């Protein structure tokens, strides 16, 4: 998984992710209107939305749970895989705001209008490993939260503390912890976006074979660490050199570089791990953009075309049918 935040040339804020998994989670694009009561059946925990919500998720036991999404106030949140280093409590901790793993994303979007509000609420928060239904284990997760101010935070629950990091890199992947990846960036201070055309090796003259010699050393595999490095520097380069031309498609160009391709990232169960979808949320405008591995055309769902005071959850079918423009 790879999360990305980017500001457009027009001062708007994009936030989204690659979804990298080997299976379907019966996903659909889910819209939840304001003041909507969401009730879980296995437990008795209830949630009423303050703000209208739009994102990718699934309806499990009539209850919505999200992979990534936005609200009407321009707050975005994405849940990304976080194995090994995560640690949830088994039960609710007395004196803390206890949030079940499966519900954290919705809890953020339904209740808060900004990263600042979320940061304050998370000070006394605790993420609990409570099943959504039956005995079903929760996915190991960490979250990236971003809003219209351009500020992003990273939420990671460890054994010692629920950590909330200021994210000044604009990216997130998977394990290890966020501060590890931040420290790892320091290894690549010698990278250059500008071409190195020549090198005089004493009595031998060396000449650049093609463009891109400055970035030699950039890791090209699909591990969380390597992907973090790649997107961090691709994002940096475009902000440095092309701030005034950043638009929607650029977001997809960055994430395409770290997208997994069928066949080459094989699990222990002999399945291909691939980038199933790429989402991009235009936070100010309430538009959820996404494409999929099967259909690369960007699809747009605009929450502002909905009745925000509506009385029903609305879903939209996950598009897996390649859309081609037949010119002639």
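Numbering follows the first chain given and starts at 1.
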If you take the mean CA temperature factor per stretch, which one wins between 274-282 and 36-44? 36-44
Mean temperature factor over C-alpha atoms, higher-scoring stretch between 101-109 and 153-161: 153-161
If I read the C-alpha B-factors straight from the PDB entry, which of 229, 248, 182, 206 is highest? 206
C-alpha B-factor winner, where the candidates are 146, 223, 257, 133: 133
What third of the chain does residue 294 rank in for C-alpha temperature factor, lowest, middle or highest? lowest
Third of the chain's Cα B-factor distribution that residue 59 belongs to, per the entry: highest
Using the B-factors in the PDB entry, rank residue 14's C-alpha atom against the chain and give the third, lowest, middle or highest. lowest
Comparing residue 168 with the other modelled residues of its chain, is its CA B-factor in the lowest, middle or highest third? middle
Which third, lowest, middle or highest, does the CA B-factor of residue 141 fall in along this chain? middle
